[PDB]
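Presented below is the structure to which this report refers.
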Amino acid sequence: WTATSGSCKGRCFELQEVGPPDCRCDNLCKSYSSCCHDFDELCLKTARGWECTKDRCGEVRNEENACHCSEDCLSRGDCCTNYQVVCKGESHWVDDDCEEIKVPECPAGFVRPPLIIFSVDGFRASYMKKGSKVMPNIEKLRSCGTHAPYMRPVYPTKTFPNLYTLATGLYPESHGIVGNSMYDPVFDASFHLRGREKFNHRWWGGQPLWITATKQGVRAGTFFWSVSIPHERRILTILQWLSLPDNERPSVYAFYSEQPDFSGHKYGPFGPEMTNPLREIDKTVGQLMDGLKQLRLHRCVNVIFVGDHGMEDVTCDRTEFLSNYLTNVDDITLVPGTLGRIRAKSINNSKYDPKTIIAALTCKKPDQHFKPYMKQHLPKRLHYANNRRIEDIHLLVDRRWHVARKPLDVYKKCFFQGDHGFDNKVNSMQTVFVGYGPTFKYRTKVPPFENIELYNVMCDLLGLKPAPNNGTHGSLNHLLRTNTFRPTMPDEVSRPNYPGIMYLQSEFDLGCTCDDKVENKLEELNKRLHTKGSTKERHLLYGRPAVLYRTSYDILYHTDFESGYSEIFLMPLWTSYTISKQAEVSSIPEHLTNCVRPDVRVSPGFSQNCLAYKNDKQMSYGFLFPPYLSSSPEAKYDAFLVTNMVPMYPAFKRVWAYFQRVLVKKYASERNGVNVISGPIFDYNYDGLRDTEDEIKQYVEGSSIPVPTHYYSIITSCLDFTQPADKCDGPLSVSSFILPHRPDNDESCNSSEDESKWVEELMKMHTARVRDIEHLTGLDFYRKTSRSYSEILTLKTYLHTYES
Ligand SMILES: *[C@@H]1O[C@H](CO)[C@@H](O[C@@H]2O[C@H](CO)[C@@H](O[C@@H]3O[C@H](CO[C@H]4O[C@H](CO)[C@@H](O)[C@H](O[C@H]5O[C@H](CO)[C@@H](O)[C@H](O)[C@@H]5O[C@H]5O[C@H](CO)[C@@H](O)[C@H](O)[C@@H]5O)[C@@H]4O)[C@@H](O)[C@H](O[C@H]4O[C@H](CO)[C@@H](O)[C@H](O)[C@@H]4O[C@H]4O[C@H](CO)[C@@H](O)[C@H](O)[C@@H]4O)[C@@H]3O)[C@H](O)[C@H]2NC(C)=O)[C@H](O)[C@H]1NC(C)=O
Ligand SMILES: O=C(/C=C/c1ccc(OC(F)(F)F)cc1)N1CC[C@@H]2CN(C(=O)[C@@H]3CCc4[nH]nnc4C3)C[C@@H]2CC1
Ligand SMILES: [Ca+2]
Ligand code: NA
Ligand SMILES: [Zn+2]
């Protein structure tokens, strides 16, 4: 109940929250149906429109008018945005040449440059170039300020998950808005786009920018706008708030536009109808900048122009139906569209089985346009699993497609030509970032980056300490002229042991064998030097990774590779080696096919054993440093050490052997040498974070050898590929992957074919940032380079996407 009998007199767009049942006058009162009876008359005036004309100049103030052209309007802070152009001979902001803003030029009484976030729904990255002719205001912001060619959204590339990731710095799995539609099984409640459940504070987690600002004494405009409030009125409200007395005036503001998303859904991303919504957005930008110029704020305010996600061509005829796959379609609930999420229709149904559902959805039709996954098996780069609101079964839908339960859902619910939601590396889903103002750089292009990183920068722009989030603070310092945040490297927590030769061969009883008993002060001093680290500068190019948690581990050196061997997990945490462009690939000689060799630096009690692999009928083993890339026949023996061995399913060994035998050499050819760091990952609770020993759900049968959920590699070379990876003077280039360690290749529908037709495609799907690996392993890479630390942080957030 709302006692709508109160009044909005002197309260239009008030900032304080006012509680039930007293009526409201704020920018969301419409959406709640709680506005005072006179909100429309007083607060949403429309009379005479939004623009001054010659004859209104100097007019007698008439308070009924939407905006004013009277002489007192500047002091009242309510002129039409074009007042000074029409009535005082001024230019539009867009018509002025851009001039570097070296220092803020703010009016008396401004304690910091204000931040205005101009957010646009459905604004596809390629609109910046393709619509540039019809968007002169936005084009001036882009060209004169700091811009990226695109900004990567979070998955799913839906509206509320991305707007709230913008506000919080968090993955949707952490902030809790994992879809526009959700079911929370603990609340037993459904969240929808439409209706009242979404207003409940229990859905939204983390700490959004407006709350961070308020807790730290920086005042915030109300960021959200009811749909029926016209954009002109939104702009005028922001400009009015900017004329408040100093102690009342917010320092951070947001504008939101439902366009171009609204028309994009109707007409597709490049429909000819799309020009007009782009023109309209640009005019709104021009209104704001003109108004800032009137307030003498256009060289004081930092403006961010930022989108949530792109838009793809999608029509009704490109829908897959689950009724074409499942016998029992009525036993499931599907969340449909550009992603699918499946759960049981009734919790009392004991004949529900996720395994039979996944199997019935796996590689069933040759052209099949979605792929099913248990959520723990989704590419780790999506970070889309650790929340009870994400259903166990997920369908990753191909771009341009939908999934639905039954055909009647599509016609008895084409209506549309565009949609979004797909995998966040898809080019059509990319969106925009421009920053303009005294704190941003001048005419500067920055590489693409992820929207999770923006919250830290917005905190930096406002002098705020960010709440804990998933950005990597300092990774975007290159966007800023000042206010940079100068991080320090984490301290290493565990220091390694450096074992020498301490065990005789006969102390081991591992059940391993090797035909190695074939055999010189010349070559012996040499191999002793190798075991003490004499080649370590070649293979460990950026320093040893730091172990950021408490553990017990050994550094082991060899001719061709170096490793940090965990005595707790009985295998390396990391293995580092460099492969030059000139390096040669060799076979595993026939006498060495099954060779495993005890490591005399490491005790039997801290070693794996071959008997456990013989007895485990599901598990085989592979090696981290590949025997194919040995520098010489004699060095090859080091690759068969028990301390280089890791547990691998035979299906996974197909993937790993092709990567090691074929791909590493290909990368070394193409990139002029590569440095590789490989290793295991254990993430059994799918939280994106390194497991502790007591979280491990599976061991090699009969043993304490833990089975990895994933294997990673980080592959680094010189950005200037005219220099070899091992003699690089400048910035680096990196690509990485986190491959799921699965006992089948059901994910790859073409896997019965030769690895050359499917392995690299799998690896590309499981592309990762170095930072993703850091979280999953508790390691910190690139500790010793000649690069600035902020540049290294940017390198660790890079994602190699393989989109063209
Ligand atoms: C991306 O960045 C974010 C932010 O930095 C990272 O998330 C953090 O990760 C931490 C580890 O997973 C986690 O720390 C835990 O906090 C627990 C208290 O949590 C509450 O308080 C905080 C602070 O205000 C609050 O933010 C939390 O909010 C969560 O939960 C509510 C739902 O109630 C949501 O609205 C909200 O969105 C958020 O949910 C998300 O996180 C939770 C986990 O907290 C998930 O369950 C959700 O699915 C969702 O993703 C909370 O309200 C604290 O209790 C934990 O301590 C346990 O473990 C330690 C070991 O050190 C030990 O001291 C304790 O014994 C304790 O164990 C006990 O609980 C066990 C489980 O019940 C039980 O088995 C034991 O027997 C014990 O009783 C822990 O320190 C932190 O909460 C989140 N923060 C956020 C905002 O999510 C994220 O990791 C980053 N991602 C990547 C990939 O890097
Ligand atoms: O105006 C906006 C969006 C503004 C915006 C600005 C900046 C930004 O990025 C930044 F954060 F980085 F700046 C992100 C979003 N929208 C989109 C979001 C929803 C929220 N809503 C509700 O009704 C809310 C639902 C949830 C909720 N909980 N308490 N009040 C509310 C209102 C209807 C709808 C209003 C129109
Ligand atoms: Ca984990
Ligand atoms: Na397959
Ligand atoms: Zn949309």
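Residues are referred to by chain and number: the chain letter is A, B, ... according to the order shown in the structure tokens, the number counts from 1 in that chain, and ligands are numbered separately from 1 in the order shown.
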request  = Name the residues of range 428-658 of chain A that fall into strand (DSSP E) according to DSSP on the backbone, using the chain letters and numbers of this document, as number ranges by chain.
outcome  = A: 433-436, 444-445, 449-450, 546-547, 553-557, 562-566, 571-579, 620-623, 645-648
Could you turn the residues from that selection into a file that holds N, CA and C atoms, as an mmCIF file, in the first residue's frame?
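Ended up saving to again.cif:
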data_model
loop_
_atom_site.group_PDB
_atom_site.id
_atom_site.type_symbol
_atom_site.label_atom_id
_atom_site.label_comp_id
_atom_site.auth_asym_id
_atom_site.auth_seq_id
_atom_site.Cartn_x
_atom_site.Cartn_y
_atom_site.Cartn_z
ATOM 1 N N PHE A 433 33.672 0.695 -24.936
ATOM 2 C CA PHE A 433 34.199 1.541 -23.855
ATOM 3 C C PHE A 433 34.925 2.792 -24.429
ATOM 4 N N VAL A 434 34.490 3.963 -23.946
ATOM 5 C CA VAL A 434 35.221 5.231 -24.154
ATOM 6 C C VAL A 434 35.302 5.960 -22.827
ATOM 7 N N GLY A 435 36.486 6.471 -22.440
ATOM 8 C CA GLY A 435 36.508 7.408 -21.335
ATOM 9 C C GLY A 435 37.040 8.767 -21.807
ATOM 10 N N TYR A 436 36.441 9.838 -21.303
ATOM 11 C CA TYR A 436 36.796 11.199 -21.740
ATOM 12 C C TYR A 436 36.807 12.077 -20.502
ATOM 13 N N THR A 444 43.954 8.327 -27.090
ATOM 14 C CA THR A 444 44.726 7.143 -26.764
ATOM 15 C C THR A 444 43.888 5.921 -27.062
ATOM 16 N N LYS A 445 44.456 4.953 -27.796
ATOM 17 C CA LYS A 445 43.747 3.682 -28.021
ATOM 18 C C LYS A 445 44.326 2.643 -27.068
ATOM 19 N N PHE A 449 39.568 -5.054 -23.305
ATOM 20 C CA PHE A 449 39.723 -5.567 -21.937
ATOM 21 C C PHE A 449 38.324 -5.982 -21.472
ATOM 22 N N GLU A 450 38.240 -6.592 -20.292
ATOM 23 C CA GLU A 450 36.968 -7.170 -19.772
ATOM 24 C C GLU A 450 36.248 -6.218 -18.869
ATOM 25 N N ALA A 546 55.916 -17.601 -7.979
ATOM 26 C CA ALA A 546 55.866 -17.605 -6.535
ATOM 27 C C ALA A 546 54.685 -18.419 -6.018
ATOM 28 N N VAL A 547 54.948 -19.207 -4.981
ATOM 29 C CA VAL A 547 53.898 -20.014 -4.298
ATOM 30 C C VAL A 547 53.240 -19.156 -3.207
ATOM 31 N N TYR A 553 57.617 -27.924 -1.176
ATOM 32 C CA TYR A 553 57.964 -28.243 -2.559
ATOM 33 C C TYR A 553 59.456 -28.061 -2.891
ATOM 34 N N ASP A 554 59.877 -28.743 -3.950
ATOM 35 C CA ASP A 554 61.289 -28.768 -4.383
ATOM 36 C C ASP A 554 61.482 -28.130 -5.753
ATOM 37 N N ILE A 555 62.541 -27.354 -5.951
ATOM 38 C CA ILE A 555 62.895 -26.987 -7.338
ATOM 39 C C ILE A 555 63.813 -28.079 -7.899
ATOM 40 N N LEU A 556 63.499 -28.569 -9.109
ATOM 41 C CA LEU A 556 64.259 -29.592 -9.786
ATOM 42 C C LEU A 556 64.753 -29.071 -11.127
ATOM 43 N N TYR A 557 66.077 -29.053 -11.327
ATOM 44 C CA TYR A 557 66.598 -28.546 -12.576
ATOM 45 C C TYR A 557 66.978 -29.682 -13.516
ATOM 46 N N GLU A 562 62.765 -26.999 -16.070
ATOM 47 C CA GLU A 562 62.819 -26.776 -14.613
ATOM 48 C C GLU A 562 61.417 -26.973 -14.055
ATOM 49 N N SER A 563 61.326 -27.477 -12.836
ATOM 50 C CA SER A 563 59.999 -27.707 -12.245
ATOM 51 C C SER A 563 59.979 -27.377 -10.741
ATOM 52 N N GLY A 564 58.793 -27.056 -10.240
ATOM 53 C CA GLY A 564 58.506 -26.917 -8.810
ATOM 54 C C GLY A 564 57.641 -28.110 -8.488
ATOM 55 N N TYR A 565 58.249 -29.078 -7.784
ATOM 56 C CA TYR A 565 57.630 -30.403 -7.520
ATOM 57 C C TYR A 565 56.987 -30.405 -6.144
ATOM 58 N N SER A 566 55.672 -30.643 -6.069
ATOM 59 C CA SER A 566 54.994 -30.642 -4.783
ATOM 60 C C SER A 566 55.140 -31.992 -4.107
ATOM 61 N N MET A 571 53.483 -34.278 -7.515
ATOM 62 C CA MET A 571 53.684 -33.976 -8.932
ATOM 63 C C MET A 571 54.025 -32.484 -9.040
ATOM 64 N N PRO A 572 54.498 -32.012 -10.214
ATOM 65 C CA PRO A 572 54.835 -30.601 -10.257
ATOM 66 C C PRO A 572 53.609 -29.725 -10.170
ATOM 67 N N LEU A 573 53.788 -28.572 -9.539
ATOM 68 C CA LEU A 573 52.822 -27.443 -9.578
ATOM 69 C C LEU A 573 52.972 -26.711 -10.922
ATOM 70 N N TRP A 574 54.213 -26.716 -11.417
ATOM 71 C CA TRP A 574 54.574 -26.071 -12.657
ATOM 72 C C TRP A 574 55.844 -26.717 -13.235
ATOM 73 N N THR A 575 55.928 -26.664 -14.556
ATOM 74 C CA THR A 575 57.088 -27.171 -15.314
ATOM 75 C C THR A 575 57.321 -26.145 -16.378
ATOM 76 N N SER A 576 58.569 -25.620 -16.449
ATOM 77 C CA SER A 576 58.906 -24.507 -17.347
ATOM 78 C C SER A 576 60.008 -24.898 -18.385
ATOM 79 N N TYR A 577 59.790 -24.610 -19.663
ATOM 80 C CA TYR A 577 60.790 -24.968 -20.648
ATOM 81 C C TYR A 577 60.644 -24.049 -21.837
ATOM 82 N N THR A 578 61.753 -23.822 -22.523
ATOM 83 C CA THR A 578 61.761 -22.985 -23.744
ATOM 84 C C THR A 578 62.105 -23.842 -24.975
ATOM 85 N N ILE A 579 61.361 -23.609 -26.064
ATOM 86 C CA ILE A 579 61.512 -24.287 -27.350
ATOM 87 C C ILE A 579 61.836 -23.215 -28.391
ATOM 88 N N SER A 620 45.783 -43.637 -17.052
ATOM 89 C CA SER A 620 47.151 -43.797 -17.547
ATOM 90 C C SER A 620 47.982 -42.590 -17.050
ATOM 91 N N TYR A 621 49.091 -42.293 -17.713
ATOM 92 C CA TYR A 621 49.926 -41.177 -17.243
ATOM 93 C C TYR A 621 50.499 -40.481 -18.431
ATOM 94 N N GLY A 622 50.891 -39.223 -18.244
ATOM 95 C CA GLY A 622 51.578 -38.475 -19.287
ATOM 96 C C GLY A 622 52.721 -37.739 -18.605
ATOM 97 N N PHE A 623 53.383 -36.871 -19.339
ATOM 98 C CA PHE A 623 54.503 -36.115 -18.787
ATOM 99 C C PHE A 623 54.304 -34.626 -19.068
ATOM 100 N N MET A 645 55.997 -37.031 -14.244
ATOM 101 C CA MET A 645 54.797 -37.802 -14.624
ATOM 102 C C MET A 645 53.527 -37.251 -13.969
ATOM 103 N N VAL A 646 52.409 -37.276 -14.708
ATOM 104 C CA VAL A 646 51.123 -36.831 -14.165
ATOM 105 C C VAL A 646 50.006 -37.782 -14.594
ATOM 106 N N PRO A 647 48.947 -37.916 -13.778
ATOM 107 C CA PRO A 647 47.925 -38.895 -14.149
ATOM 108 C C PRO A 647 47.062 -38.363 -15.294
ATOM 109 N N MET A 648 46.814 -39.194 -16.308
ATOM 110 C CA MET A 648 45.997 -38.756 -17.436
ATOM 111 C C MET A 648 45.114 -39.889 -17.928
#
inquiry  = What does the list of residues within 7 Å of ligand 2 look like if you count only C-alpha atoms and all ligand atoms, written as a count of residues only?
reply    = 25
key: Shell of 12 Å around range 186-192 of chain A, only C-alpha atoms, local chain residues under 2 positions omitted, as a ChimeraX atom specification   = /A:160,176-184,194-204,335,347,387-389
I need the chosen residues saved as a CSV table (one decimal), in the first residue's frame, with N, CA and C atoms.
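Saved to again06.csv:
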chain,number,residue,atom,x,y,z
A,160,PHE,N,21.0,-7.8,-17.2
A,160,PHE,CA,21.1,-7.6,-15.8
A,160,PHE,C,22.5,-8.2,-15.3
A,176,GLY,N,25.5,-13.0,-8.1
A,176,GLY,CA,24.3,-13.7,-7.9
A,176,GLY,C,23.2,-13.4,-9.0
A,177,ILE,N,23.5,-12.4,-9.9
A,177,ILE,CA,22.6,-12.2,-11.0
A,177,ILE,C,23.0,-13.0,-12.2
A,178,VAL,N,22.7,-14.3,-12.2
A,178,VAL,CA,23.3,-15.3,-13.2
A,178,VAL,C,22.5,-15.4,-14.5
A,179,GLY,N,21.4,-14.7,-14.5
A,179,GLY,CA,20.5,-14.6,-15.7
A,179,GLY,C,19.5,-13.5,-15.5
A,180,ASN,N,18.7,-13.1,-16.6
A,180,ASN,CA,17.7,-12.2,-16.5
A,180,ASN,C,16.5,-12.9,-15.7
A,181,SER,N,16.5,-14.2,-15.9
A,181,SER,CA,15.5,-15.0,-15.2
A,181,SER,C,16.2,-16.1,-14.3
A,182,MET,N,15.8,-16.3,-13.1
A,182,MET,CA,16.4,-17.3,-12.2
A,182,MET,C,15.5,-18.0,-11.2
A,183,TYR,N,15.9,-19.2,-10.8
A,183,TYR,CA,15.2,-19.9,-9.7
A,183,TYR,C,16.2,-20.1,-8.6
A,184,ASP,N,16.0,-19.7,-7.4
A,184,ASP,CA,16.9,-20.0,-6.3
A,184,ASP,C,16.2,-21.1,-5.5
A,194,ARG,N,10.3,-9.0,-15.3
A,194,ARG,CA,9.0,-8.3,-14.9
A,194,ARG,C,8.4,-8.7,-13.6
A,195,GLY,N,8.0,-7.8,-12.8
A,195,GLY,CA,7.4,-8.0,-11.5
A,195,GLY,C,8.2,-7.6,-10.3
A,196,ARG,N,7.8,-8.1,-9.1
A,196,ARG,CA,8.3,-7.5,-7.8
A,196,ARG,C,9.4,-8.3,-7.1
A,197,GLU,N,9.6,-9.6,-7.4
A,197,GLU,CA,10.6,-10.4,-6.7
A,197,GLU,C,12.0,-9.9,-6.8
A,198,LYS,N,12.4,-9.4,-8.0
A,198,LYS,CA,13.7,-8.7,-8.3
A,198,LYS,C,14.0,-7.5,-7.3
A,199,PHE,N,13.1,-6.8,-6.7
A,199,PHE,CA,13.3,-5.7,-5.8
A,199,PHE,C,13.8,-6.2,-4.4
A,200,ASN,N,13.7,-7.5,-4.1
A,200,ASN,CA,14.2,-8.1,-2.9
A,200,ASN,C,15.7,-8.1,-2.8
A,201,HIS,N,16.2,-7.5,-1.7
A,201,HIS,CA,17.7,-7.2,-1.6
A,201,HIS,C,18.5,-8.5,-1.5
A,202,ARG,N,17.9,-9.6,-1.2
A,202,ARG,CA,18.5,-11.0,-1.2
A,202,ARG,C,19.0,-11.5,-2.6
A,203,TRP,N,18.6,-10.9,-3.7
A,203,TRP,CA,19.1,-11.4,-5.0
A,203,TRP,C,20.5,-10.8,-5.3
A,204,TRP,N,20.7,-9.6,-4.9
A,204,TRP,CA,21.9,-8.8,-5.4
A,204,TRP,C,23.1,-9.0,-4.4
A,335,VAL,N,15.3,-23.2,-19.0
A,335,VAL,CA,15.4,-21.8,-19.2
A,335,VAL,C,16.0,-21.7,-20.6
A,347,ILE,N,10.8,-32.1,-8.0
A,347,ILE,CA,11.8,-32.7,-7.1
A,347,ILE,C,11.4,-34.1,-6.5
A,387,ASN,N,27.4,-21.1,-8.2
A,387,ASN,CA,26.2,-20.4,-7.6
A,387,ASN,C,25.1,-21.5,-7.7
A,388,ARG,N,24.3,-21.6,-6.6
A,388,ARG,CA,23.1,-22.5,-6.6
A,388,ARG,C,22.0,-22.2,-7.6
A,389,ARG,N,22.0,-20.9,-8.1
A,389,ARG,CA,21.1,-20.5,-9.1
A,389,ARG,C,21.4,-20.9,-10.5
Within 6 Å of ligand 4 (only C-alpha atoms and all ligand atoms), residues as a list in words = residues 745, 746, 747, 748, 749, 750 and 751 of chain A
Throw together the list of residues within 6 Å of ligand 1, counting only C-alpha atoms and all ligand atoms, and drop it here as a PDB file with C-alpha atoms, in the first residue's frame.
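To be explicit, this is the file written out as part_5.pdb:
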ATOM      1  CA  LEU A 170      32.244  -9.334  -9.998  1.00  0.00           C
ATOM      2  CA  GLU A 173      28.412 -16.474 -10.241  1.00  0.00           C
ATOM      3  CA  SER A 174      29.653 -14.208  -7.350  1.00  0.00           C
ATOM      4  CA  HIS A 175      27.206 -11.276  -7.513  1.00  0.00           C
ATOM      5  CA  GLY A 176      24.256 -13.692  -7.937  1.00  0.00           C
ATOM      6  CA  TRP A 204      21.912  -8.840  -5.356  1.00  0.00           C
ATOM      7  CA  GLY A 205      25.339  -9.706  -3.810  1.00  0.00           C
ATOM      8  CA  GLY A 206      28.683  -7.846  -3.725  1.00  0.00           C
ATOM      9  CA  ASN A 386      29.738 -21.558  -8.487  1.00  0.00           C
ATOM     10  CA  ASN A 387      26.225 -20.449  -7.612  1.00  0.00           C
ATOM     11  CA  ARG A 388      23.119 -22.531  -6.585  1.00  0.00           C
ATOM     12  CA  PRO A 468      36.980  -7.134  -3.044  1.00  0.00           C
ATOM     13  CA  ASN A 469      36.217  -7.991  -6.689  1.00  0.00           C
ATOM     14  CA  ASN A 470      37.375  -9.942  -9.772  1.00  0.00           C
ATOM     15  CA  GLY A 688      37.704 -21.073  -9.774  1.00  0.00           C
ATOM     16  CA  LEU A 689      40.136 -21.385  -6.826  1.00  0.00           C
ATOM     17  CA  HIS A 775      43.482 -18.217  -9.084  1.00  0.00           C
TER      18      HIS A 775
END
request  = Identify which of the residues A:582, A:144, A:211, A:130 lies closest to residue 667 in chain A, counting only C-alpha atoms when measuring atom-to-atom distances.
outcome  =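 Ranking A:582, A:144, A:211, A:130 by distance to residue 667 in chain A, first place goes to A:582.
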May I have the residues within 12 Å of residue 657 in chain A as a PDB file with N, CA, C and O atoms, in the first residue's frame, using only C-alpha atoms and disregarding those fewer than 6 positions away in the same chain?
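out.pdb was written with the following content:
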ATOM      1  N   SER A 587      60.936 -38.716 -31.841  1.00  0.00           N
ATOM      2  CA  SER A 587      60.036 -39.738 -31.307  1.00  0.00           C
ATOM      3  C   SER A 587      60.503 -40.195 -29.938  1.00  0.00           C
ATOM      4  O   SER A 587      61.571 -39.837 -29.461  1.00  0.00           O
ATOM      5  N   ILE A 588      59.650 -40.946 -29.273  1.00  0.00           N
ATOM      6  CA  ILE A 588      60.054 -41.710 -28.137  1.00  0.00           C
ATOM      7  C   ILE A 588      60.624 -43.014 -28.729  1.00  0.00           C
ATOM      8  O   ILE A 588      59.889 -43.777 -29.330  1.00  0.00           O
ATOM      9  N   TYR A 621      49.091 -42.293 -17.713  1.00  0.00           N
ATOM     10  CA  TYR A 621      49.926 -41.177 -17.243  1.00  0.00           C
ATOM     11  C   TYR A 621      50.499 -40.481 -18.431  1.00  0.00           C
ATOM     12  O   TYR A 621      50.568 -41.048 -19.496  1.00  0.00           O
ATOM     13  N   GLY A 622      50.891 -39.223 -18.244  1.00  0.00           N
ATOM     14  CA  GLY A 622      51.578 -38.475 -19.287  1.00  0.00           C
ATOM     15  C   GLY A 622      52.721 -37.739 -18.605  1.00  0.00           C
ATOM     16  O   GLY A 622      52.946 -37.908 -17.405  1.00  0.00           O
ATOM     17  N   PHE A 623      53.383 -36.871 -19.339  1.00  0.00           N
ATOM     18  CA  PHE A 623      54.503 -36.115 -18.787  1.00  0.00           C
ATOM     19  C   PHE A 623      54.304 -34.626 -19.068  1.00  0.00           C
ATOM     20  O   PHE A 623      53.757 -34.249 -20.100  1.00  0.00           O
ATOM     21  N   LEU A 624      54.785 -33.781 -18.170  1.00  0.00           N
ATOM     22  CA  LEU A 624      54.611 -32.347 -18.325  1.00  0.00           C
ATOM     23  C   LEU A 624      55.616 -31.753 -19.328  1.00  0.00           C
ATOM     24  O   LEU A 624      55.225 -31.084 -20.306  1.00  0.00           O
ATOM     25  N   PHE A 625      56.892 -32.000 -19.101  1.00  0.00           N
ATOM     26  CA  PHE A 625      57.871 -31.668 -20.136  1.00  0.00           C
ATOM     27  C   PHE A 625      57.831 -32.823 -21.130  1.00  0.00           C
ATOM     28  O   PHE A 625      58.002 -33.963 -20.740  1.00  0.00           O
ATOM     29  N   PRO A 626      57.590 -32.541 -22.400  1.00  0.00           N
ATOM     30  CA  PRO A 626      57.387 -33.589 -23.413  1.00  0.00           C
ATOM     31  C   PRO A 626      58.689 -34.297 -23.884  1.00  0.00           C
ATOM     32  O   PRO A 626      59.608 -33.634 -24.372  1.00  0.00           O
ATOM     33  N   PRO A 627      58.754 -35.615 -23.780  1.00  0.00           N
ATOM     34  CA  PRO A 627      59.923 -36.349 -24.337  1.00  0.00           C
ATOM     35  C   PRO A 627      60.189 -36.053 -25.822  1.00  0.00           C
ATOM     36  O   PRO A 627      61.358 -36.055 -26.235  1.00  0.00           O
ATOM     37  N   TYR A 628      59.152 -35.704 -26.611  1.00  0.00           N
ATOM     38  CA  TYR A 628      59.384 -35.336 -28.038  1.00  0.00           C
ATOM     39  C   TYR A 628      60.306 -34.160 -28.271  1.00  0.00           C
ATOM     40  O   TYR A 628      60.796 -33.974 -29.392  1.00  0.00           O
ATOM     41  N   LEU A 629      60.489 -33.305 -27.262  1.00  0.00           N
ATOM     42  CA  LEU A 629      61.211 -32.055 -27.486  1.00  0.00           C
ATOM     43  C   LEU A 629      62.542 -32.014 -26.759  1.00  0.00           C
ATOM     44  O   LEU A 629      63.166 -30.946 -26.626  1.00  0.00           O
ATOM     45  N   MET A 648      46.814 -39.194 -16.308  1.00  0.00           N
ATOM     46  CA  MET A 648      45.997 -38.756 -17.436  1.00  0.00           C
ATOM     47  C   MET A 648      45.114 -39.889 -17.928  1.00  0.00           C
ATOM     48  O   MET A 648      45.599 -41.013 -18.173  1.00  0.00           O
ATOM     49  N   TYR A 649      43.818 -39.605 -18.096  1.00  0.00           N
ATOM     50  CA  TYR A 649      42.953 -40.581 -18.806  1.00  0.00           C
ATOM     51  C   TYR A 649      43.422 -40.792 -20.224  1.00  0.00           C
ATOM     52  O   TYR A 649      43.830 -39.841 -20.888  1.00  0.00           O
ATOM     53  N   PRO A 650      43.334 -42.045 -20.742  1.00  0.00           N
ATOM     54  CA  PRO A 650      43.731 -42.319 -22.141  1.00  0.00           C
ATOM     55  C   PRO A 650      43.056 -41.375 -23.124  1.00  0.00           C
ATOM     56  O   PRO A 650      43.705 -40.886 -24.059  1.00  0.00           O
ATOM     57  N   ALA A 651      41.773 -41.033 -22.913  1.00  0.00           N
ATOM     58  CA  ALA A 651      41.122 -40.098 -23.846  1.00  0.00           C
ATOM     59  C   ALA A 651      41.808 -38.739 -23.859  1.00  0.00           C
ATOM     60  O   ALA A 651      41.972 -38.123 -24.924  1.00  0.00           O
ATOM     61  N   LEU A 663      51.716 -29.264 -31.724  1.00  0.00           N
ATOM     62  CA  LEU A 663      51.381 -27.857 -31.552  1.00  0.00           C
ATOM     63  C   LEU A 663      52.474 -26.966 -30.968  1.00  0.00           C
ATOM     64  O   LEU A 663      52.619 -25.817 -31.399  1.00  0.00           O
ATOM     65  N   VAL A 664      53.214 -27.454 -29.973  1.00  0.00           N
ATOM     66  CA  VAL A 664      54.256 -26.625 -29.338  1.00  0.00           C
ATOM     67  C   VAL A 664      55.263 -26.230 -30.415  1.00  0.00           C
ATOM     68  O   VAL A 664      55.639 -25.059 -30.521  1.00  0.00           O
ATOM     69  N   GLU A 755      43.531 -36.285 -34.664  1.00  0.00           N
ATOM     70  CA  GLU A 755      43.648 -35.131 -33.759  1.00  0.00           C
ATOM     71  C   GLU A 755      43.810 -33.790 -34.469  1.00  0.00           C
ATOM     72  O   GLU A 755      43.430 -32.737 -33.938  1.00  0.00           O
ATOM     73  N   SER A 756      44.391 -33.819 -35.673  1.00  0.00           N
ATOM     74  CA  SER A 756      44.507 -32.624 -36.507  1.00  0.00           C
ATOM     75  C   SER A 756      43.145 -32.045 -36.898  1.00  0.00           C
ATOM     76  O   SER A 756      43.077 -30.929 -37.386  1.00  0.00           O
ATOM     77  N   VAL A 759      41.569 -31.349 -32.119  1.00  0.00           N
ATOM     78  CA  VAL A 759      42.247 -31.016 -30.843  1.00  0.00           C
ATOM     79  C   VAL A 759      42.435 -29.497 -30.699  1.00  0.00           C
ATOM     80  O   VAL A 759      42.184 -28.929 -29.633  1.00  0.00           O
ATOM     81  N   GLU A 760      42.932 -28.841 -31.743  1.00  0.00           N
ATOM     82  CA  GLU A 760      43.213 -27.425 -31.604  1.00  0.00           C
ATOM     83  C   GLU A 760      41.910 -26.618 -31.338  1.00  0.00           C
ATOM     84  O   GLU A 760      41.919 -25.634 -30.586  1.00  0.00           O
TER      85      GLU A 760
END
